[PDB]
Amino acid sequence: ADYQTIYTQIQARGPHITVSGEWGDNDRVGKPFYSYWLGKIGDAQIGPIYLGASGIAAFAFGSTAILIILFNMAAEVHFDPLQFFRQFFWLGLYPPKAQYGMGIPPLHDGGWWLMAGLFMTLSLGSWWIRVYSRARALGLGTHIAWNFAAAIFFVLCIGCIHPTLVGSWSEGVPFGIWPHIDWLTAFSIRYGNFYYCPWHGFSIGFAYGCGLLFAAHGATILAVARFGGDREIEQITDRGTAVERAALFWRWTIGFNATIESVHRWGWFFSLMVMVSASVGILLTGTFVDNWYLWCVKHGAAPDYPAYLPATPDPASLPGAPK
């Protein structure tokens, strides 16, 4: 067996390396320190970390977002500490319960939710900038920043854009552990069962696919760790027996095969599409489809089943039912 693929049998210690940025090498704060148990299944050095304007900005905004959510959450258990700590999950900061349309809701009915929504957006924004820059600074491509954009855009879709499109702030995602979760059923119910949203389907397809691909890729590499397969950059510019054997494994099993670079492309693409497919589905929902099950029924896709218990007419439509 290859114990290396399970954990680092003999760790190595050596002088801390620093690859110089095209700027801000002077904002890397902190002393590298090493964890022995971390080193067993990862790199042992923790830190330093790069400060920077985008980063500080990101932190500043996110911290404000959080103070608004926590303060309101704290208002919910009427500032009792113990009940606060007890009821934390259940606690939340909600969007307008009332139909204000696109009108700015009062602070008591969603005003605060908007606020936090704003600061979170700027927080995410600044962080995007930082993710984009560090790449630029280090002379790297921006593939990560681009994958992140899609993720950020999704959030924008469910937090802002979909409520704007239909014209109600009441539709946004509450802040809070259980509350953000309850929204998922509120939203799917009103829009007639998200299982029947084609883009919900694509998204899940890509999400499962990421699981499939990252299990397959991770295992493939560990399986050719003996031939230095982990050194993927140099297996790119100079194919070695590692990625030859990785490729032939996959060719012989499924009939076609990637390369060591392209499989990260398949990977990046699948990751990206989870967020892309999902935004599309949100953009369409409420704008152009009210009830996805019925849309599907409209277009011939929906399954149908025999009555098992007797079919039950709507009472409300009977002869002289109340209302």
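All residue numbers are counted from 1 along the displayed sequence.
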Of 33-41 and 281-289, the stretch whose C-alpha atoms average the higher B-factor in the entry: 33-41
Looking only at C-alpha temperature factors in the entry, 45-53 or 257-265, the higher average sits in 45-53
In this crystal structure's PDB entry, the residue among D230, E244, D80, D182 with the greatest CA B factor is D80
Taking the Cα B-factors listed in the entry, which of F71, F202, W169, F154 comes out highest? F71
Is the Cα B-factor recorded for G139 in the lowest, middle or highest third of its chain? highest
Sorting by Cα B-factor within the chain, modelled residues only, which third would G92 end up in: lowest, middle or highest? middle
Taking the entry's C-alpha B-factors for this chain, is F187 in the lowest, middle or highest third? lowest
State the tercile, meaning the lowest, middle or highest third, of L114 with respect to the CA B-factors recorded for its chain. highest
Chain-wide C-alpha B factor ranking for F175, given as lowest, middle or highest third: middle
